[PDB]
Amino acid sequence: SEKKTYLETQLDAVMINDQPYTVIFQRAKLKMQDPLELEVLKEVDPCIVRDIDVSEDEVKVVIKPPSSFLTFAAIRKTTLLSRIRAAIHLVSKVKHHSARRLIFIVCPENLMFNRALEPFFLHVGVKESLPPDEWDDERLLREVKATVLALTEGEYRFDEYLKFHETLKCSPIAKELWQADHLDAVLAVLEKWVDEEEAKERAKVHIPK
Ligand SMILES: [Cl-]
Ligand code: NA
């Protein structure tokens, strides 16, 4: 019937709407003490508006990106070269922790893109308050690898790359990406890839010869 998505499962929350994005958490299940801890969510990024309602039993976040932002599946339709550049910007955005209590969960359902293929997150956690509510660099690294493979290689869904990559049809650069030790080595693998792919696209505007 209705399976919960990776986001839903990791947040233990319900996506009740996608127009506009709306996430519903049970207050009883949160580490949140003072609802004021969630005010930081008003200050994630100037493009995407987030309205927060802390009621006696639930916390509701309503997330409204600009109407001209592109979904993950829209970027998946662009050129390989373009998708790898997008993936580089993603890895560059999450490479570090926030100093302002914000914690990032990376998956295709949680991302939208601006006109310059800059990624933005929809839902963001708050340390010790709202899931994801703790750092876990390993979890973030795996999500990023799966999300980047889903965007670039794109021969499987995010969940399948995430969950199952040791059992599926691994490609050479993909293999390099899973292999990578940390986000910087993910970024190095991508950089050699975008160079390779840029040389290929350029060859298409010269006629040898
Ligand atoms: Cl050229
Ligand atoms: Na750590």
# chains A, B, ... in the order shown; residues from 1 in each chain; ligands from 1
$ residues_around --residues "segment 171-178 of chain A" --least-positions-apart "4" --cutoff "12 Å" --atoms "only C-alpha atoms" --output "mmCIF file with N, CA, C and O atoms, in the first residue's frame"
data_model
loop_
_atom_site.group_PDB
_atom_site.id
_atom_site.type_symbol
_atom_site.label_atom_id
_atom_site.label_comp_id
_atom_site.auth_asym_id
_atom_site.auth_seq_id
_atom_site.Cartn_x
_atom_site.Cartn_y
_atom_site.Cartn_z
ATOM 1 N N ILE A 84 26.782 15.787 -12.815
ATOM 2 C CA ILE A 84 28.017 15.634 -11.975
ATOM 3 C C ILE A 84 28.369 16.974 -11.356
ATOM 4 O O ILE A 84 28.841 17.018 -10.203
ATOM 5 N N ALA A 87 26.193 17.427 -8.404
ATOM 6 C CA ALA A 87 26.593 16.505 -7.347
ATOM 7 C C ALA A 87 27.798 17.080 -6.608
ATOM 8 O O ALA A 87 27.872 17.022 -5.387
ATOM 9 N N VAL A 91 28.041 17.969 -2.608
ATOM 10 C CA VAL A 91 29.060 17.417 -1.690
ATOM 11 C C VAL A 91 29.751 18.603 -1.016
ATOM 12 O O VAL A 91 29.961 18.581 0.166
ATOM 13 N N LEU A 141 27.693 10.356 5.014
ATOM 14 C CA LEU A 141 28.531 9.924 3.907
ATOM 15 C C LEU A 141 27.820 8.905 3.014
ATOM 16 O O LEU A 141 27.836 9.062 1.770
ATOM 17 N N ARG A 142 27.157 7.927 3.608
ATOM 18 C CA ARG A 142 26.473 6.923 2.810
ATOM 19 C C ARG A 142 25.298 7.564 2.035
ATOM 20 O O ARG A 142 25.137 7.345 0.828
ATOM 21 N N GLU A 143 24.515 8.404 2.714
ATOM 22 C CA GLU A 143 23.421 9.107 2.014
ATOM 23 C C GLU A 143 23.907 9.929 0.841
ATOM 24 O O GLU A 143 23.246 10.013 -0.239
ATOM 25 N N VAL A 144 24.998 10.649 1.063
ATOM 26 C CA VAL A 144 25.548 11.452 -0.017
ATOM 27 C C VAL A 144 26.001 10.605 -1.220
ATOM 28 O O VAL A 144 25.695 10.924 -2.370
ATOM 29 N N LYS A 145 26.681 9.474 -0.932
ATOM 30 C CA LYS A 145 27.174 8.578 -2.001
ATOM 31 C C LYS A 145 25.953 8.049 -2.796
ATOM 32 O O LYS A 145 25.953 8.076 -4.049
ATOM 33 N N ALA A 146 24.917 7.628 -2.062
ATOM 34 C CA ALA A 146 23.751 7.044 -2.722
ATOM 35 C C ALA A 146 23.053 8.119 -3.549
ATOM 36 O O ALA A 146 22.535 7.843 -4.641
ATOM 37 N N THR A 147 22.913 9.317 -2.957
ATOM 38 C CA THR A 147 22.228 10.455 -3.653
ATOM 39 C C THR A 147 22.986 10.895 -4.915
ATOM 40 O O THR A 147 22.426 11.105 -6.018
ATOM 41 N N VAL A 148 24.297 11.003 -4.793
ATOM 42 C CA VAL A 148 25.115 11.346 -5.951
ATOM 43 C C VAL A 148 25.049 10.246 -7.031
ATOM 44 O O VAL A 148 24.898 10.606 -8.232
ATOM 45 N N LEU A 149 25.110 8.970 -6.639
ATOM 46 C CA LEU A 149 24.941 7.879 -7.647
ATOM 47 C C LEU A 149 23.570 7.902 -8.275
ATOM 48 O O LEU A 149 23.386 7.720 -9.490
ATOM 49 N N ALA A 150 22.540 8.115 -7.478
ATOM 50 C CA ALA A 150 21.203 8.251 -8.037
ATOM 51 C C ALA A 150 21.107 9.429 -9.038
ATOM 52 O O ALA A 150 20.377 9.344 -10.023
ATOM 53 N N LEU A 151 21.819 10.509 -8.788
ATOM 54 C CA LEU A 151 21.720 11.670 -9.657
ATOM 55 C C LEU A 151 22.561 11.504 -10.964
ATOM 56 O O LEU A 151 22.125 11.972 -12.033
ATOM 57 N N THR A 152 23.719 10.859 -10.846
ATOM 58 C CA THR A 152 24.755 10.847 -11.897
ATOM 59 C C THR A 152 24.653 9.581 -12.723
ATOM 60 O O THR A 152 24.163 9.627 -13.810
ATOM 61 N N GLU A 153 25.180 8.485 -12.203
ATOM 62 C CA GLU A 153 25.067 7.142 -12.809
ATOM 63 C C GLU A 153 23.611 6.819 -13.107
ATOM 64 O O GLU A 153 23.252 6.442 -14.243
ATOM 65 N N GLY A 154 22.792 6.961 -12.078
ATOM 66 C CA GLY A 154 21.381 6.766 -12.105
ATOM 67 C C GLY A 154 20.889 5.415 -12.661
ATOM 68 O O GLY A 154 19.874 5.383 -13.366
ATOM 69 N N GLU A 155 21.572 4.313 -12.371
ATOM 70 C CA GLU A 155 21.051 3.031 -12.847
ATOM 71 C C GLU A 155 20.213 2.313 -11.783
ATOM 72 O O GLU A 155 19.638 1.258 -12.043
ATOM 73 N N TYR A 156 20.128 2.898 -10.591
ATOM 74 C CA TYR A 156 19.232 2.397 -9.540
ATOM 75 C C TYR A 156 18.694 3.598 -8.739
ATOM 76 O O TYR A 156 19.204 4.701 -8.864
ATOM 77 N N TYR A 161 20.837 1.912 -4.143
ATOM 78 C CA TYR A 161 22.249 2.213 -3.926
ATOM 79 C C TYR A 161 22.635 2.261 -2.474
ATOM 80 O O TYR A 161 23.754 1.835 -2.073
ATOM 81 N N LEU A 162 21.747 2.817 -1.667
ATOM 82 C CA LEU A 162 22.084 3.026 -0.247
ATOM 83 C C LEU A 162 22.262 1.673 0.484
ATOM 84 O O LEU A 162 23.305 1.398 1.160
ATOM 85 N N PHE A 164 21.751 -1.556 -0.731
ATOM 86 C CA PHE A 164 22.077 -2.755 -1.520
ATOM 87 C C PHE A 164 23.309 -2.690 -2.437
ATOM 88 O O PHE A 164 23.564 -3.652 -3.124
ATOM 89 N N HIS A 165 24.111 -1.623 -2.355
ATOM 90 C CA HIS A 165 25.160 -1.457 -3.347
ATOM 91 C C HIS A 165 26.184 -2.578 -3.411
ATOM 92 O O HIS A 165 26.837 -2.731 -4.408
ATOM 93 N N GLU A 166 26.317 -3.367 -2.351
ATOM 94 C CA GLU A 166 27.309 -4.460 -2.369
ATOM 95 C C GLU A 166 26.820 -5.659 -3.182
ATOM 96 O O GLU A 166 27.600 -6.588 -3.474
ATOM 97 N N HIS A 182 35.783 9.499 3.013
ATOM 98 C CA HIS A 182 35.172 10.672 3.594
ATOM 99 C C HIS A 182 34.702 11.557 2.439
ATOM 100 O O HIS A 182 34.981 11.284 1.261
ATOM 101 N N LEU A 183 34.051 12.658 2.801
ATOM 102 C CA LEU A 183 33.440 13.534 1.817
ATOM 103 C C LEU A 183 34.450 14.165 0.914
ATOM 104 O O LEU A 183 34.195 14.386 -0.283
ATOM 105 N N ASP A 184 35.635 14.463 1.447
ATOM 106 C CA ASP A 184 36.655 15.043 0.567
ATOM 107 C C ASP A 184 37.074 14.033 -0.489
ATOM 108 O O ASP A 184 37.297 14.419 -1.646
ATOM 109 N N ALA A 185 37.160 12.737 -0.139
ATOM 110 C CA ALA A 185 37.593 11.761 -1.183
ATOM 111 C C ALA A 185 36.454 11.520 -2.134
ATOM 112 O O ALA A 185 36.710 11.152 -3.278
ATOM 113 N N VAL A 186 35.221 11.725 -1.686
ATOM 114 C CA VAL A 186 34.081 11.644 -2.610
ATOM 115 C C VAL A 186 34.246 12.787 -3.579
ATOM 116 O O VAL A 186 34.182 12.559 -4.774
ATOM 117 N N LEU A 187 34.573 13.973 -3.051
ATOM 118 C CA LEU A 187 34.767 15.152 -3.900
ATOM 119 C C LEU A 187 35.926 14.956 -4.906
ATOM 120 O O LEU A 187 35.763 15.257 -6.096
ATOM 121 N N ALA A 188 37.057 14.380 -4.481
ATOM 122 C CA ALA A 188 38.155 14.063 -5.448
ATOM 123 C C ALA A 188 37.765 13.144 -6.602
ATOM 124 O O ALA A 188 38.218 13.373 -7.763
ATOM 125 N N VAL A 189 36.935 12.126 -6.305
ATOM 126 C CA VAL A 189 36.505 11.116 -7.291
ATOM 127 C C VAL A 189 35.612 11.840 -8.313
ATOM 128 O O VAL A 189 35.848 11.776 -9.543
ATOM 129 N N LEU A 190 34.640 12.593 -7.807
ATOM 130 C CA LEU A 190 33.811 13.427 -8.675
ATOM 131 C C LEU A 190 34.626 14.386 -9.541
ATOM 132 O O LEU A 190 34.249 14.606 -10.714
ATOM 133 N N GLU A 191 35.703 14.957 -8.993
ATOM 134 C CA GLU A 191 36.422 15.956 -9.757
ATOM 135 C C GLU A 191 37.118 15.329 -10.938
ATOM 136 O O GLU A 191 37.126 15.890 -12.033
ATOM 137 N N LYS A 192 37.710 14.152 -10.742
ATOM 138 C CA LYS A 192 38.330 13.463 -11.879
ATOM 139 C C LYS A 192 37.259 13.054 -12.902
ATOM 140 O O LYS A 192 37.501 13.089 -14.139
ATOM 141 N N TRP A 193 36.083 12.684 -12.399
ATOM 142 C CA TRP A 193 34.951 12.334 -13.290
ATOM 143 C C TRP A 193 34.433 13.511 -14.112
ATOM 144 O O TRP A 193 34.178 13.343 -15.305
ATOM 145 N N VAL A 194 34.321 14.708 -13.524
ATOM 146 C CA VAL A 194 33.654 15.833 -14.256
ATOM 147 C C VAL A 194 34.652 16.230 -15.366
ATOM 148 O O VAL A 194 34.228 16.524 -16.500
ATOM 149 N N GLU A 196 36.758 14.246 -16.968
ATOM 150 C CA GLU A 196 36.645 13.243 -18.009
ATOM 151 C C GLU A 196 35.437 13.501 -18.874
ATOM 152 O O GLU A 196 35.484 13.472 -20.145
ATOM 153 N N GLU A 197 34.332 13.788 -18.186
ATOM 154 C CA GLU A 197 33.094 13.963 -18.888
ATOM 155 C C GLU A 197 33.071 15.280 -19.662
ATOM 156 O O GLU A 197 32.546 15.339 -20.769
#
$ residues_near_ligand --ligand "ligand 2" --cutoff "8 Å" --atoms "only C-alpha atoms and all ligand atoms" --output "PyMOL selection string"
chain A and resi 135-137
$ write_last_selection --atoms "C-alpha atoms" --output "CSV table (one decimal), in the first residue's frame"
chain,number,residue,atom,x,y,z
A,135,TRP,CA,25.6,14.1,14.0
A,136,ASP,CA,26.5,10.8,12.3
A,137,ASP,CA,29.1,11.4,9.7
$ residues_near_ligand --ligand "ligand 1" --cutoff "12 Å" --atoms "only C-alpha atoms and all ligand atoms" --output "PDB file with N, CA, C and O atoms, in the first residue's frame"
ATOM      1  N   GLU A 198      33.691  16.322 -19.125  1.00  0.00           N
ATOM      2  CA  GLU A 198      33.775  17.611 -19.860  1.00  0.00           C
ATOM      3  C   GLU A 198      34.619  17.453 -21.163  1.00  0.00           C
ATOM      4  O   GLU A 198      34.231  17.985 -22.194  1.00  0.00           O
ATOM      5  N   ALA A 199      35.694  16.680 -21.104  1.00  0.00           N
ATOM      6  CA  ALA A 199      36.543  16.469 -22.331  1.00  0.00           C
ATOM      7  C   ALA A 199      35.687  15.773 -23.387  1.00  0.00           C
ATOM      8  O   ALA A 199      35.714  16.149 -24.587  1.00  0.00           O
ATOM      9  N   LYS A 200      34.839  14.826 -22.980  1.00  0.00           N
ATOM     10  CA  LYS A 200      33.971  14.100 -23.953  1.00  0.00           C
ATOM     11  C   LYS A 200      32.954  14.986 -24.647  1.00  0.00           C
ATOM     12  O   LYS A 200      32.726  14.868 -25.817  1.00  0.00           O
ATOM     13  N   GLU A 201      32.294  15.856 -23.891  1.00  0.00           N
ATOM     14  CA  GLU A 201      31.296  16.735 -24.456  1.00  0.00           C
ATOM     15  C   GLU A 201      31.943  17.734 -25.389  1.00  0.00           C
ATOM     16  O   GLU A 201      31.405  18.004 -26.437  1.00  0.00           O
ATOM     17  N   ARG A 202      33.147  18.214 -25.043  1.00  0.00           N
ATOM     18  CA  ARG A 202      33.866  19.149 -25.929  1.00  0.00           C
ATOM     19  C   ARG A 202      34.208  18.521 -27.285  1.00  0.00           C
ATOM     20  O   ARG A 202      34.150  19.215 -28.310  1.00  0.00           O
ATOM     21  N   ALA A 203      34.526  17.220 -27.283  1.00  0.00           N
ATOM     22  CA  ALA A 203      34.941  16.577 -28.522  1.00  0.00           C
ATOM     23  C   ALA A 203      33.781  16.608 -29.538  1.00  0.00           C
ATOM     24  O   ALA A 203      34.037  16.492 -30.725  1.00  0.00           O
ATOM     25  N   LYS A 204      32.560  16.750 -29.007  1.00  0.00           N
ATOM     26  CA  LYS A 204      31.333  16.778 -29.834  1.00  0.00           C
ATOM     27  C   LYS A 204      31.156  18.136 -30.558  1.00  0.00           C
ATOM     28  O   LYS A 204      30.303  18.232 -31.471  1.00  0.00           O
ATOM     29  N   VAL A 205      31.970  19.142 -30.240  1.00  0.00           N
ATOM     30  CA  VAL A 205      31.890  20.383 -31.031  1.00  0.00           C
ATOM     31  C   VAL A 205      33.177  20.627 -31.863  1.00  0.00           C
ATOM     32  O   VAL A 205      33.425  21.732 -32.329  1.00  0.00           O
ATOM     33  N   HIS A 206      33.927  19.560 -32.128  1.00  0.00           N
ATOM     34  CA  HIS A 206      34.986  19.607 -33.114  1.00  0.00           C
ATOM     35  C   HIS A 206      34.856  18.440 -34.039  1.00  0.00           C
ATOM     36  O   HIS A 206      34.456  17.331 -33.636  1.00  0.00           O
ATOM     37  N   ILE A 207      35.208  18.673 -35.289  1.00  0.00           N
ATOM     38  CA  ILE A 207      35.175  17.626 -36.260  1.00  0.00           C
ATOM     39  C   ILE A 207      36.618  17.233 -36.679  1.00  0.00           C
ATOM     40  O   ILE A 207      37.223  17.975 -37.457  1.00  0.00           O
TER      41      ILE A 207
END
$ closest_residue --among "A:83, A:103, A:58, A:53" --to "residue 133 of chain A" --atoms "only C-alpha atoms"
A:103
$ closest_residue --among "A:49, A:86, A:140, A:94" --to "residue 116 of chain A" --atoms "only C-alpha atoms"
A:86
$ closest_residue --among "A:80, A:88, A:54, A:105" --to "residue 11 of chain A" --atoms "only C-alpha atoms"
A:105
